[PDB]
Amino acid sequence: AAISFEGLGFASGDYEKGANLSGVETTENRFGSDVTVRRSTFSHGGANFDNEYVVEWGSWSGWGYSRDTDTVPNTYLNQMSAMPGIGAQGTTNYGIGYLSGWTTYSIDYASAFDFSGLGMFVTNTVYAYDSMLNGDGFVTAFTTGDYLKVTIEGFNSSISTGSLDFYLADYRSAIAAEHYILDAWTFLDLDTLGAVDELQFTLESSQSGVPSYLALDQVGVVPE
């Protein structure tokens, strides 16, 4: 029932960013270059995940998946690993979103899924975590005022069933003791969304240089 990502295959290595997904390719002009854009969708049960891969750049956006256990930071060369180096609830596979440009991306259900009594797991990627914690060429190391959050909104036939915020990293508080960055799979309660045919995800950050990723897993399970 739950989206576990299990029994999605790995054609190459320990993750899928879209380079080996089958999809539809068109030529588009982007940042001044004509490039080949592949739009693909992978499925897990009733749920559909859109992926966009630009062939010439090797860049991607939208959704991918992983079983990666490598937790050594190596900027974008290790971008598909969740901080725990394993999926949630001891499972091998998990999802990755590169929710590029701080806009909205969706999981599309063929049939309504009821989140009553249920939730999902999220955490940070190694790349994003390390960037926020320590800083890089694009990011000032997180201090008072910094944050990374995700808004999760349910829809049913394009009508909102409710909207929830959850902080992947919260340094906003004047009280330093309130500051944290998630390094573990963390349960997010989605009960109030009820029956949805679409879940929308949007990241927001104090700093636009923060790698716009989250790790997600076990979508639609009971609290443990």
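Residue numbers here begin at 1 and follow the sequence given.
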Point to revise | Residue range whose averaged C-alpha B-factor is higher in the record, 50-58 or 156-164 | key: 156-164
Review point. Between 120-128 and 102-110, which has the higher average C-alpha B-factor in the PDB entry?
Key: 102-110
Point to revise | Selection from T36, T69, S66, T186 [criterion: highest C-alpha temperature factor in the record] | key: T36
Revision key, fill the gap. The third of the chain into which the C-alpha temperature factor of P211 falls is the lowest
Review point. By its CA B factor, does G90 count among the lowest, middle or highest third of the modelled residues in the chain?
Key: highest
Point to revise | Among modelled residues of the same chain, the CA temperature factor third for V196 | key: highest
Review point. Lowest, middle or highest third: where is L203 by C-alpha B factor in its chain?
Key: lowest
Practice item. Place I181 in the lowest, middle or highest third of its chain's C-alpha B-factors, as listed in the PDB entry. Key: middle
